[PDB]
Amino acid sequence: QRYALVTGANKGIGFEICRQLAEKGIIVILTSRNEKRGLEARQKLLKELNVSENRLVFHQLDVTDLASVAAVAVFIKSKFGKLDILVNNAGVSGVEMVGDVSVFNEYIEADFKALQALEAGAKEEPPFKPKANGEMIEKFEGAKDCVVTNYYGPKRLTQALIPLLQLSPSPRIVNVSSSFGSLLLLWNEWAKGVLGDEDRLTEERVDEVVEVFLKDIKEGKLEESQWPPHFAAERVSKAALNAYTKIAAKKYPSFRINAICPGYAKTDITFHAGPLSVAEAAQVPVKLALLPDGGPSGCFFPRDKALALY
């Protein structure tokens, strides 16, 4: 029997990851930071799956709360004795909208277009201002929450669950990153060199990058910095997550540890805009959670590359 834990699973992609793994016969620990939302999610999904009660287990988990993280490791040890699959799905954007919320989608569309141009060799990210009457507000508190959730969360939960994952015959970690973690989007030349220098990459180096970013947004104005012009904490945190994916994969070679982008999908975080359904999005992390032994590890896969892997 295989056991999978999914973070941020009361809604969105994480809820659908739980569905798709459970349909494979994997026993899923659906976790969520709010107990009521998670219990209700478990009830709804058990109904929709139409399977017996033991196929889906709820446990509270806030990935920014070190006691919460420790407690779920104790629970898994006592109830199951091992873990086979960890999906680090929980995430936040670091952005507060003012005015017309579809401005969030305007910036997403602009940044995918910019990434395509940079991936094709363009040297510069085009400047962007939105059309509709709204703006993305990026403050220190949001950025800190974004970094602590998106980067420290997966790192700390990975570290807490290593002893249980080591008892699996095929240990799997999937980190739900985003395409906006590309170093092409990160702007900061020091940080791009650090996160890109794989032979010198350590957890200490990545922690240092994100802490310099947070100090910069706290203490001054990012427009004067060499950090990104917008989605700054999203970019930094997801780049840091991708780097930690590589660090962990090298440290735990018997595991397969990968980062993915699910594609642009309709969830609360995107105001339910984007071309993909939430079921379509979850296909990507599920694909890497079921990767056969010997497959790639330590990598970042965007959607189409992920789905083509086998």
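Numbering starts at 1 and runs along the sequence shown.
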Between 69 to 77 and 96 to 104 (mean CA B-factor, as deposited), the higher: 69 to 77
May I ask you to compare 193 to 201 and 123 to 131 by their mean CA B factor in the entry and name the higher one? 193 to 201
Can you tell me which of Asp84, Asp111, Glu234, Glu141 has the highest Cα temperature factor in the record? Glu141
Taking the Cα B-factors listed in the entry, which of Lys44, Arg256, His59, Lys36 comes out highest? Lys36
Chain third (lowest, middle, highest) by recorded CA B-factor, residue given as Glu280: lowest
Would you mind ranking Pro171 by its C-alpha B-factor against the rest of the chain and naming the third, lowest, middle or highest? middle
Can you tell me which third, lowest, middle or highest, the CA B-factor of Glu48 falls into for its chain? middle
Third assignment of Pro163 from its chain's C-alpha B-factors: highest
For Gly14, return the chain-relative third of its C-alpha B-factor as stated in the PDB record: lowest, middle or highest. lowest
